[PDB]
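Report on the following structure.
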Amino acid sequence: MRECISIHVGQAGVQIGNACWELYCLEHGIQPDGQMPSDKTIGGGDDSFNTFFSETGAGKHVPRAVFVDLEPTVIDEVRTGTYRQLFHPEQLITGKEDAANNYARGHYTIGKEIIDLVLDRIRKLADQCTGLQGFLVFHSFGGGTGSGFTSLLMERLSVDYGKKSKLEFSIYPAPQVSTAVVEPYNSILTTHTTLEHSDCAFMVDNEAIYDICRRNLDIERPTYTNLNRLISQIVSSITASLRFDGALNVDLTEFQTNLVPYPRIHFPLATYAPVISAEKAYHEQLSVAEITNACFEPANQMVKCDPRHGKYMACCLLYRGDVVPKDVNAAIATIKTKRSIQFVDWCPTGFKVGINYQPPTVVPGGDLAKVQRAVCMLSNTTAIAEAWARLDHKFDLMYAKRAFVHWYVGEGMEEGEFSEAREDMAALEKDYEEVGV
Amino acid sequence: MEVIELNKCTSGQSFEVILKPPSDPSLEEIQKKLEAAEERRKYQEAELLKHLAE
Amino acid sequence: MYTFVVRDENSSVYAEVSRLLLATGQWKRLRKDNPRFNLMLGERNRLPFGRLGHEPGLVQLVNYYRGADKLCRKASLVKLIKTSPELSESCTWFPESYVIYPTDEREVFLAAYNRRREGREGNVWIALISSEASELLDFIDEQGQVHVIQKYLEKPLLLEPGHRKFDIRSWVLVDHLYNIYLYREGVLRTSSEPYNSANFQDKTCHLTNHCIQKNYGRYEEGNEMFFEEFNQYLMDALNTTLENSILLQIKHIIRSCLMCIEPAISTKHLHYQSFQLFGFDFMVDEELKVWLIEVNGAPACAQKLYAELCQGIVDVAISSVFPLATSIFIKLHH
Amino acid sequence: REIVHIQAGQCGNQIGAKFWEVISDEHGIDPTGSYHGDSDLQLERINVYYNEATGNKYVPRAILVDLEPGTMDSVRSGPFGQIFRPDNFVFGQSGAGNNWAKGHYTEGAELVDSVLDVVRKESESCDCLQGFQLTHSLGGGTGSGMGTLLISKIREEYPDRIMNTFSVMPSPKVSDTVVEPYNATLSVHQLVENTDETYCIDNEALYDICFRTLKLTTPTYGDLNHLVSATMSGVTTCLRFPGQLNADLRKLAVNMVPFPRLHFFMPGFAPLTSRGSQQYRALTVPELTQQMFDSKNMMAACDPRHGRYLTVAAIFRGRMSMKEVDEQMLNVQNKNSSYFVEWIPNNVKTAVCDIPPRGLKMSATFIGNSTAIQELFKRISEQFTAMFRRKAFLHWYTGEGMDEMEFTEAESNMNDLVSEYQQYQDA
């Protein structure tokens, strides 16, 4: 058994971490005080859920997790929230002036003054790990802290843990729920500085979570709360193989060896069905074939884009609920004949499959209905590059006039770091084009 | 077609299914950049404060 | 008040659609790069489908189908026809073709060229038109790009008077719902110089493009015979109608080709929506049998039918998504 | 994140005093300073503008400044006069005689050290100070000249905090003296260099709105300040109140200012209302949106169809369908997109706050960084030149040590500003 430390940075990261660690407790039967009636081994155990929790002789289970923000407002609600007893204080790190939507201020100015303290607090969890695998890092692309501090942290984690793995859950900017006009700048900046330091990034486009919340959950104006419960199921789907018994995706290195052949292209598209409204009165339950078919509808993707016009390099189907291999293969064979699934030449057309017979746990009183079977598909399609196109185009419009650049340069950044970052993204977009057309 | 590597357990199972076959900066360099932007921040604030002294 | 942008200035067709849309006083034209648009008459190359459908509170619709190049590029069309189960090798309306790359299926092409010489049956092929393999492969390597080698139809239906060759252009419009509309007005782009069976060097009576012919204008204005007169002719000369001898097969090929790619290009559950006008180029042989020559994806009209087609494009492809405050189309049902 | 509020001069103190009147009522504070309200939304960020004393008293973080005691006496004997910390009243006796020179260089220099002392006392109580908002006019002497002197000194001691101003621009339609275009041109010159965000509250616009739209035959300064306190309450809501955004003075500057000199904002407000005349019918959300964007609701007298918005910040207060707000805001940008620059994607941002202002069930406040704002500065430049070309009234300034050269610079810097704004109207 090998532990995973989770780091949530900025507002989106902290609020999503609250969503996940709440779910994670409902899944594993851990009350809001750290007490799990099941862990008969009081104080220890190399179980599958100990990759995310450590125990204490007191009997408390406490997340291998650290929360970090350049402002106390959001993390202060974890301090006084229903799950306060879960985390000890050392794990909740608050600065005083946030980055004001400004990467250069989270990376350089205010970054520089808290990076050391954070790294120390992470070395306190790494120290209680018999065999650390690495890190899951949740953050927005668009925030000042989320983009700027995260990329500093990511650089430092590669020098202090050069052998360990780093995964990203990254929120991609969308205007319906934006906070800043500079989110395109902060995205391309943080993607560039992090690209070499990250092994696998699950990008979740807030546009997509918002429309899913609108179409299928019948929320008229989704809030962060709506969005974050939908995002936490997706996250839970991805991490369940590290917290439960199984043979698929059992360590962090297997995420790279199963989803990422080429190192730079490491953004798997995530697709998820069924999302069914809790207060939908009569609902006919969806079969294995039905939910597996929906994995290939862009309307269920965490990033809106068209995989028919790209190529797959890999593909995982994570089931949860009443699924048997027989019905999976059946559904696959019908789907292959109805849909456009092109793999790259140098990769086997196939699907690694994982089934967890426990049906998806649902937040009591939330917006999502219980179901008998759910699937999260993880495919590395070149099609996700459309998302980089969109973002690079918006970046290109503003930078053509150097609009807002003075807010960065004023903070110590250099106008050339903008064009260095953009040329990288220009490279990445091209890498996708060679692999895919 | 071909179903391989099937591992079953009490909690679930896992397998693959094949349809067709195929056809870092150092700590020194990081402290350098961080301090180099601190110098530009200082230089600019001191041009400001100088101007304000005129 | 709907908005739109023009991104292909050289489109005769959509030049005329913008003029019609503006003329309703319910469609405002925006600048090339304004993203807050309801409709896009996009460019022909590198059209940015990745950027459509992401403008909140905007319903976005474009006049091309991403992926339809697979049908509108000669190399792709061959490959599409030969690998897709729905069309197949036994496809009875597409001339035997092969893909040839300059120095691939070059060994396979010769294997048929021998049966045809070892059968003493006709052996003309096209890329320039020639009856010998070797002058062709020498021509492909001397050009540079990828070419297609295709069986030449040595017995075309010849119009009288004049002993003239032709080709039929059909205009087909596919809407966001993937209704397949056929324009009731086709056109015969005819040859004016009588077809010569022995000399394939003179490419003025073998190639029927409106440009090459410009005896032009001798029999009919601008080398363009419409359907009414071509039907009257078949009634008189051949005791049959345009509909029974030719059109039925044309409706069948159109439907087959577009049905084949519908899963790869349809925009039914997409975040933007697509429609597209196509030009289908058919060849009728001397037994009243229709052959598919190529599909054009950026087609132009004939000067008489612009006003009526372009107005239909507005009616059925545009107003149907953006309505304002009997039909010239044959719906090919499926 | 505390904000330190400064109000300088006659106008500065009168509109400042009405701001504190208004936003106190909104947060549930009485003149005494006690809380007597019902929603917890009221106290959650009340720390941004108020300090806390024992007995759960809230005292505004405001500094009152003038060179003649007359107006600050008015404030102390006004409705909320007793809520201000009496140690924070800082006044001289001479006055500044509507002379920018006296405020910046002679009379003002005398007093400015007292003021900065009080500024520091409040800054040290701050847990993390975000910066300063100053209210002042630009046509008089104290607010204009010593205010911009305060700004230059506050920047020297706190160069990394935000300086934000509410600046009343002068109009011949509501004029005290003929030197107003001199004072304001000297002041715009200072603001271009040393603030991050200025709300241009143009008295021309305020007079036109009382006369034309509200049908008030002879408007008073009271009628003018009602519009102004309404606008001030509006544009600050996303600092004072908890919500989906939670902004601050620096986040507003970063998202509103594409280039550091073009930081002059047109406020708007809907529905326009006059004093006392209660309105019984609430507006529909399409009605607020059509109104807040109309010229007849701008507080800077500029035609927004003579220019393009660089950025827009909108705020809707009241119980209303945030879904409908979103569609209306999108509709305006989609129906008139030629008036929004295309090189700043997604340049309009809307926020909502459930708490409305007093006497309205729902309202809309508008913050526009338009290139039409040059119409304002150009108007002033004409009025300046028509006197300056004859060196008229200059003796009042040369008499205090000033030289003509200082005027020629200010004039040039303000003409530059107008060109700079014109540059991006044709981008």
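Points to keep in mind about this one:
Residue numbering begins at 1 within each chain, and the chains themselves are lettered A, B, C and D in the order written.
Note that a residue touches a chain if its C-beta (ideal position, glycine included) is under 8 Å from a C-beta of that chain, and two chains touch if they have at least 3 such contacts.
The greatest centre-to-centre gap from chain B, using C-alpha centroids, is found for C.
Between chain B and chain D the centroid-to-centroid distance comes to 43 Å (mean Cα coordinates, whole Å). Remark: chain C and chain D have CA centroids separated by 64 Å (rounded to whole angstrom).
For the pair chain A and chain C, the distance between C-alpha centroids works out to 46 Å. Residue numbers of chain C whose C-beta contacts span two or more other chains: 56. Counting partners per residue, chain A has 175-176 as the residues that reach two or more other chains. Counting partner chains per residue, chain B shows two or more touched chains at no residue at all.
Going by the touch rule set out above, the chain pairs that meet are A-B, A-C, A-D, B-D, C-D. Of all residues in chain A, those touching chain D in their complex are 73, 96-97, 100-102, 175-176, 178-182, 184, 220-221, 223-224, 394, 397-398, 400-404, 406-407.
Within the complex, the chain B residues that touch chain A are 3, 5-7, 9-27, 30, 34, 36-41, 44. Residue ranges of chain D in contact with chain B, taken from their complex: 152, 155-156, 159-160. Chain D contributes residues 326-327, 330-331, 333-335, 337-338, 342, 345 to its touches with chain C in the complex. Chain A meets chain C in the complex at residues 175-176, 207, 297-299, 304-306, 308-309, 338-340, 385-386, 389-390, 393.
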